[PDB]
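Visitor: Numbering (the working numbering), first residue to last: 32 to 139.
#1: Per DSSP, what kind of secondary structure is residue 53 in: helix, strand or coil?
#2: Determine the contact status of residue 121 and residue 89, defining contact as a CB-CB distance below 8 Å.
#3: Got a sec, what are the start and stop residues for the beta strand (DSSP E) residue 126 sits in?
#4: So, at 8 Å on beta carbons, what are the nonlocal neighbours of residue 107 in its own chain, with the 5 sequence-adjacent residues on each side left out?
#5: For residue 112, list the residues DSSP reports as bridge partners.
#6: Give the DSSP-derived three-state secondary structure of residue 61 in the structure shown.
#7: Are there 16 or more other CB atoms within 10 angstroms of the CB of residue 73, so buried, or fewer, so exposed?
#8: If you compare alpha carbons, which of 43, 84, 110 and 56 is closest to residue 29?
#9: Quick one: residues in its chain with C-beta nearer than 8 Å to the C-beta of residue 53, no 5 flanking neighbours on either side, listed in chain order?
#10: Alpha carbon to alpha carbon, how far is residue 126 from residue 102?
#11: Who are the near neighbours of residue 70 in its chain, counting only those whose CB is closer than 6 Å to its CB and skipping five residues on each side?
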């Protein structure tokens, strides 16, 4: 493989698996929990969704990532963060992420 197993890294980044529900360019709104939103939740306003899933909602900073076009909203991802701003709802600055899929978890 060209993707050497992520195991034995010096810089251990904190990986969190969550759902991408809302997506912009420099930022994305993720659910760090395992409950996926409903049809209407994807039709709600950002703030309304934020107030609703406030318990486990995290806004990630995509400013460090200049390829957010592979980031799919309505999907699931695995993000690596370290620098975070806990404001309630909390925000996490991610410099690297790993895209997941409903069909297959072990991303190619």
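Yeah, the Cβ is synthetic: ideal placement off N, Cα and C, and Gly gets one too.
Guide: In this structure, then:
#1: strand
#2: yes
#3: 122-130
#4: 48, 49, 50, 51, 131, 132 and 133
#5: 45 and 125
#6: strand
#7: exposed
#8: A question about residue 29 goes unanswered here, because the residues of the chain that appear run from 32 up to 139.
#9: 59, 60, 77, 80 and 104
#10: 13 Å
#11: none
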